[PDB]
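One chain follows as structure tokens, the form deposited in one PDB entry.
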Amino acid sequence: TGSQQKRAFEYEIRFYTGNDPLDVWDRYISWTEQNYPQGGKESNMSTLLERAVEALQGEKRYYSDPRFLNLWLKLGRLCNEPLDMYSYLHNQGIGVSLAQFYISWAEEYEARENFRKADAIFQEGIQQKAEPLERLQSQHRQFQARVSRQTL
């Protein structure tokens, strides 16, 4: 049943007749987190992410798609040094028009208590008017409140 759904996805990757292959990967990834909420070796997540990126790599039509960004962000969280992934996306122009990119990037710096670089990431996202801008600005404001709270 788990077995059956995984097999169905694997066959869909092969036989998909549409023009948006990211859809198959995106549904396969989200079924996988729906069904393995705290991960596990049986989830196959990290290998699924690697396979998804490998299949869609260099597909620039997707560089601004949030499902694409998602694959990379999920992959990055499973890397020894998530900053390598953020900088990569940044160099390649993947996700650079999305607020979520800057939010997650800024969050990684905030988690290490590198508040100054977290702030700079927000500032760049905002200058680029990354979307949605109001969500990005709201998120920035609350990042600032968290820092203030930690310095009283």
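Rigid core (definition): largest C-alpha set, two forms, superposition within 1.5 Å. Don't overthink the numbering: it's just position in the shown sequence, from 1.
Another form, the form deposited in another entry, is not on view; read the next lines as being about it.
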*Core-aligned, does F143 move its Cα 2 Å or more between the shown form and the other one?*
no
_Cα displacement of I13 between the shown form and the other one reaching 2 Å, rigid core superposed_ = yes
*Your call: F9 and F101 CA atoms, closer or farther in the other entry versus the shown structure, by 3 Å or more?*
farther
*Specify closer or farther for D26 and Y11: how their Cα atoms are spaced in the other entry versus the shown form, given a shift of 3 angstroms or more.*
closer
